[PDB]
């Protein structure tokens, strides 16, 4: 069984302090896609690049302790693409790709426009320029999985308070429509939603109030799988037994 995990670790150093490293092996996952390294190549320890002997490939931001995605895999990838190819977004390290046969896996950290309206604009541009990339990847004819923090909840069932969050970044009508086009127009499969049509499956909880405690969260972490491979999905779950971040690991198992 091919177990792929997606985890926005909100700082890989804090995550490791919280035992995320031990979880990498404990989960017996074959591939682990992390977002928000919040560190640079010099800040990363060997266990943060190649945990448990796994191969590791990372894309760090030009800013310190900010963003950053990475991909670990027990198997040696025959190819690795760092960055999307757009310096504007590559400056922040949000895209990594690794090829394993006809299988490609991407660690993706989509910009959050919650901090400021300007960051919301940067997010929208990231959507416009990234959509074509998802289209090309869909047309490659390969089995592709895009794990990561998409920072967009698609429908009401993807968050607790969908009513009061229709004007907030992450659940804007334009954003929901974008994810919707990725799924139905492009042909990508929201693995979780497909496997569990009625299970909300929150992957993130705000630090404000008692969000995590009351389970008032969003499902903004996705594994967008291509049709062929998407049909091979057997099960999935949101590991909550331990908390290493404000996000939660998204585990999906494929008969592949």
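Residue numbers count along the first chain shown, from 1.
S.K.: Using only C-alpha atoms and the B-factors in the entry, which stretch averages higher, 98-106 or 166-174?
M.R.: Comparing 98-106 with 166-174, the higher mean C-alpha B-factor belongs to 166-174.
S.K.: Using the B-factors recorded in the PDB entry, average over the C-alpha atoms of 219-227 and of 57-65, then report which stretch comes out higher.
M.R.: For C-alpha atoms only, the mean B-factor is higher in 57-65.
S.K.: Which listed residue, 155, 79, 139, 151, has the largest C-alpha temperature factor in the record?
M.R.: Comparing C-alpha B-factors across 155, 79, 139, 151, the top value belongs to 139.
S.K.: Compare the CA B factors listed in the entry for 124, 72, 89, 131 and report the winner.
M.R.: Largest recorded C-alpha B-factor: 89.
S.K.: Would you mind ranking residue 247 by its C-alpha B-factor against the rest of the chain and naming the third, lowest, middle or highest?
M.R.: Within its chain, residue 247 is a lowest-third residue by C-alpha B-factor, going by the deposited values.
S.K.: Looking at the entry's B-factor column for C-alpha atoms only, identify whether residue 42 ranks in the lowest, middle or highest third of its chain.
M.R.: For residue 42, whose C-alpha B-factor we compare with every modelled residue in the chain, the answer is the highest third.
S.K.: Hey, what third does residue 210 fall into on Cα B-factor, ranked over its chain?
M.R.: Its C-alpha B-factor, which the entry lists for residue 210, ranks in the highest third among residues of this chain.
S.K.: Among the modelled residues of its chain, does the C-alpha B-factor of residue 31 lie in the lowest, middle or highest third?
M.R.: Its C-alpha B-factor belongs to the lowest third of this chain's values.
S.K.: Comparing residue 5 with the other modelled residues of its chain, is its CA B-factor in the lowest, middle or highest third?
M.R.: Lowest third.
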